[PDB]
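K.L.:
From the sequence below, what's the structure:
(2 chains)
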There are 2 protein chains.
Amino acid sequence: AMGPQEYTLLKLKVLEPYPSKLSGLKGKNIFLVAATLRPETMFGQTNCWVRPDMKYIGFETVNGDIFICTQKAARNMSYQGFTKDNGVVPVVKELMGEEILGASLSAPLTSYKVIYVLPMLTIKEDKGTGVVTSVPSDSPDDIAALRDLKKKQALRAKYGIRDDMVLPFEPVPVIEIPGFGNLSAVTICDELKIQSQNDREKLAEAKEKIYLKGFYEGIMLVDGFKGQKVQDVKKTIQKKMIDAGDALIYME
Amino acid sequence: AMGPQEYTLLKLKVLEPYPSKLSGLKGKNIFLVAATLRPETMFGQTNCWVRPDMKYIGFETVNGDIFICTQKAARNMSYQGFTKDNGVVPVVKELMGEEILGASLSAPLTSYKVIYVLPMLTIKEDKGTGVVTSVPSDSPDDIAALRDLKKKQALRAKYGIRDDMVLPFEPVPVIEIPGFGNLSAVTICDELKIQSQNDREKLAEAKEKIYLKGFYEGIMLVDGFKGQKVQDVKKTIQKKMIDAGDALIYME
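P.N.:
Numbers count the residues shown, from 1 in each chain, chains lettered A, B, ... in the order given. Dropping the coordinates below:
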């Protein structure tokens, strides 16, 4: 089987007003950084995910921009040209999930010109950058989570998150997949009747259906390429974000 | 994170003399079928892996060729165009690991014009096709395994396997990676002092080092492209095998 795998690493730009732990980095370009295998779906981003317990790090890259992700992810990045010297992570700030919750972000492609950082209680430091992408139109973990917050008020107030940052945000139709249509993620977790993020094995069965069918049988709804096979299009969307300086190839 | 991932599925052609469970399929084109993320290394194949307990299946594909892999893998394949009708796996033969152990194979690229199927005691039906690739020059699980047969002469005689099929098969240098050279897989499991296949967490730490370094810092030794970055070359080796009808894109 071997490794590593090719992922697309999006650059989500932390927008002024910065949160208070990043005050010392004002003036510098900061990006939260998240990986995905499905960049075609990235037109319908609603938010970010970050885990309150989990330790994050800000570190400076080859070109002075500074990324935020786990220190484990950074290390991996240092060994593939991301940093000025190989295997050298210049850490600029230690962090926590809480400490960047609610930060404003301009994420690429998405029609929402500004999206916010939201909490997710179970992110694993095993795979990934620790910052997770959110397209709930097509990813069943993401509606589960989004709904979950939209349901419970006290559970947002714990972390100090505004109605501004969650309620007005609707899944954006990106891909028409034959069986389930537009909000295909949404419409199966209804069929499967999922309540929480913590219905892990019901979610598993969701992902089973819609991930491959979406890729192989999906059809694109967004301007610039309507009626295009997800399959045929994905690579050319990846290259837009890279050529536009919005994403990088990340190997893991 | 999302899914599915892009793998390269090699087609390993079962060569006459067929094993006895496949006698009824004589005349037809049969391929054992295995996935990988590192097709550049596939020039240095020594064998196959199959698991005696595990149930396999032969099933017929769109073009009448018949693949051998797990019924679980086949299902996944049927939903991405591999079979004449979507989600319909015409099973031609049920099978077992034992029942194809020792079969002769002509696998693509590799300099060994004929390689054989060998046993591996712990393959998981979780990921993959159940039939696993073997390049022990650059994959640390493969020398661990392969070595374990060579030394245990009696315990390879468990599933009736001729010296012919093992002792003459040497890891073929494919990639020069700076720290460890040619047989870079080999030379770290020496450093880490691994004895069996069942040193799983020592192997883990092996894989840690050489997989990414090999990809990002590797350099190609094979004819047609010596002195070429693994990185830059991989995709163009994938397309050879596909264009030459020897491998397919497999999503999982």
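K.L.:
So what's the residue count around residue A:3?
P.N.:
Residue A:3: 17 surrounding residues under other CB atoms under 10 Å in any protein chain shown. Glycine gets a C-beta too; all of them are placed from N, C-alpha and C.
K.L.:
Show me the beta-bridge partners of the residue lying closest to residue A:39 once chain neighbours are set aside.
P.N.:
Here the nearest residue to residue A:39 in space, its sequence neighbours aside, is residue A:8; by CB to CB, 6 or more residues apart in numbering or on different chains that works out to 4.5 Å. Residue A:8 has these beta-bridge partners by DSSP bridges: residue A:36, residue A:249.
K.L.:
same deal with the one 4 residues further on?
P.N.:
Taking DSSP bridges as the rule, residue A:12 bridges to residue A:32.
K.L.:
ok, now how distant is it from residue B:230?
P.N.:
30 Å (CB to CB, to the nearest Å).
K.L.:
What residues does the stretch 51-200 of chain A have near chain B?
P.N.:
Contact residues, the stretch 51-200 of chain A versus chain B (CB under 8 Å from any CB of the partner chain): A:76, A:79-81, A:127-128, A:132-133, A:139.
K.L.:
how about a cut-off of 10 Å?
P.N.:
Contact residues (CB under 10 Å from any CB of the partner chain) of the stretch 51-200 of chain A with chain B: A:76, A:79-81, A:86, A:123-124, A:127-129, A:132-133, A:135, A:138-142.
K.L.:
Filter these down to the buried ones and hand me the ChimeraX line.
P.N.:
The buried residues among those can be selected in ChimeraX (16 or more other CB atoms under 10 Å in any protein chain shown) with this line:
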select /A:76,79,80,123,128,129,132,133,135,138,139,140,141,142
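K.L.:
Which parts of the stretch 51-200 of chain A are helices?
P.N.:
Ranges of helices in the stretch 51-200 of chain A, per DSSP state H, counting those that start in this stretch, are A:71-78, A:97-100, A:140-151, A:154-157, A:184-191, A:200-217.
K.L.:
in chain A, what residue is nearest chain B?
P.N.:
Closest to chain B within chain A is residue A:2: 4.1 Å, counting by CB to the nearest CB.
K.L.:
residues contacting residue A:192?
P.N.:
Residue A:192 makes contact with A:140, A:199, A:202-203, A:205-206, A:209 under the criterion CB atoms under 10 Å, 6 or more residues apart in numbering or on different chains.
K.L.:
what two of these are the furthest from one another?
P.N.:
Put simply, by CB to CB the two of the contacts of residue A:192 set farthest apart are A:199 and A:209, 15.0 Å from each other.
K.L.:
Please, where are all the strands along the stretch 101-250 of chain A?
P.N.:
Here the stretch 101-250 of chain A has its strands, by DSSP state E, counting those that start in this stretch, at A:104-106, A:115-119, A:132-134, A:175-176, A:219-220, A:247-251.
K.L.:
Redo these as CSV? Include distance to residue B:18.
P.N.:
Shown next, in CSV, are the strands of the stretch 101-250 of chain A (distance: least, CB to CB, whole Å):
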stretch, distance to residue B:18
strand A:104-106, 59
strand A:115-119, 58
strand A:132-134, 48
strand A:175-176, 44
strand A:219-220, 43
strand A:247-251, 40
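K.L.:
Highest mean neighbour count out of these?
P.N.:
Mean neighbour counts were taken over these using mean count of other CB atoms under 10 Å in any protein chain shown, and the top value, a mean of 26, falls to strand A:132-134.
K.L.:
Give me the contacts around that strand.
P.N.:
In this structure, residues lying in contact with strand A:132-134 by CB under 10 Å, 6+ apart are A:8-10, A:12, A:32, A:34-39, A:41-42, A:44-51, A:107, A:110, A:115, A:117-118, A:120, A:123, A:139, A:141-143, A:145-146, A:169, A:171, B:1-2.
K.L.:
Tell me the buried residues within these.
P.N.:
For the contacts of strand A:132-134, a burial check counting by 16+ other CB under 10 Å picks out A:8-10, A:12, A:32, A:34-39, A:41-42, A:44-51, A:107, A:110, A:115, A:117-118, A:120, A:123, A:139, A:141-143, A:145-146, A:169, A:171, B:1-2.
K.L.:
tell me the contacts of the nearest residue to residue A:7 once chain neighbours are set aside?
P.N.:
Leaving aside its sequence neighbours, residue A:7 sits nearest to residue A:35 (CB to CB, 6+ apart; 4.1 Å). Neighbouring residues of residue A:35 by CB under 10 Å, 6+ apart: A:5-10, A:69, A:73, A:127-133, A:247-248, A:250-252, B:1-2.
K.L.:
And stretch A:14-24, end to end?
P.N.:
14 Å (CA to CA, to the nearest Å).
K.L.:
Pull the distance from it to the chain's centre.
P.N.:
Centre-to-centre, stretch A:14-24 and its host chain are 19 Å apart (CA atoms, centre = their mean, to the nearest Å).
K.L.:
next one: stretch A:176-188
P.N.:
With CA atoms, centre = their mean, you get 20 Å for stretch A:176-188.
K.L.:
Mind listing what's buried along it?
P.N.:
A:176-177, A:180, A:182-186, A:188.
K.L.:
Tabulate these (CSV), appending distance to residue B:225.
P.N.:
Shown next, in CSV, are the buried residues of stretch A:176-188 (distance: CB to CB, whole Å):
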residue, distance to residue B:225
A:176, 41
A:177, 39
A:180, 44
A:182, 45
A:183, 46
A:184, 42
A:185, 42
A:186, 47
A:188, 45
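K.L.:
can you tell me which of these lies nearest to residue A:19?
P.N.:
The closest of these to residue A:19 turns out to be residue A:185 (CB to CB; 29.2 Å).
K.L.:
can you tell me which residues contact the closest one?
P.N.:
So residue A:185 contacts A:41, A:44, A:135-144, A:171, A:175, A:177, A:206-207, A:210-211, A:214 (CB under 10 Å, 6+ apart).
K.L.:
at 8 Å instead, please
P.N.:
Neighbouring residues of residue A:185 by CB atoms under 8 Å, 6 or more residues apart in numbering or on different chains: A:135-140, A:142-143, A:171, A:206, A:210.
K.L.:
Return the member of those residues nearest to residue A:55.
P.N.:
residue A:142 (23.3 Å).
K.L.:
And the closest one, how close does it get to residue A:238?
P.N.:
For residue A:142, the distance to residue A:238 - CB to CB - is 20 Å.
K.L.:
and the end-to-end length of stretch A:32-46?
P.N.:
Start-to-end, stretch A:32-46 (CA to CA) is 15 Å.
K.L.:
Sorry, slip of the keys, the one I care about is stretch A:61-77.
P.N.:
Counting by CA to CA, you get 9 Å between the two ends of stretch A:61-77.
K.L.:
Distance from stretch A:29-42 to the middle of the chain?
P.N.:
Using CA atoms, centre = their mean, the offset of stretch A:29-42 from its chain centre is 5 Å.
K.L.:
and the contacts of residue A:192, which are buried?
P.N.:
Buried, going by 16+ other CB under 10 Å: A:140, A:199, A:202-203, A:206, A:209, out of the contacts of residue A:192.
K.L.:
Can you give the contact residues for stretch A:227-239?
P.N.:
A:8, A:38-40, A:42, A:109, A:175, A:214-216, A:218-220, A:225, A:247.
K.L.:
Off-centre distance for it?
P.N.:
Computed by CA atoms, centre = their mean, the chain-centroid distance of stretch A:227-239 equals 19 Å.
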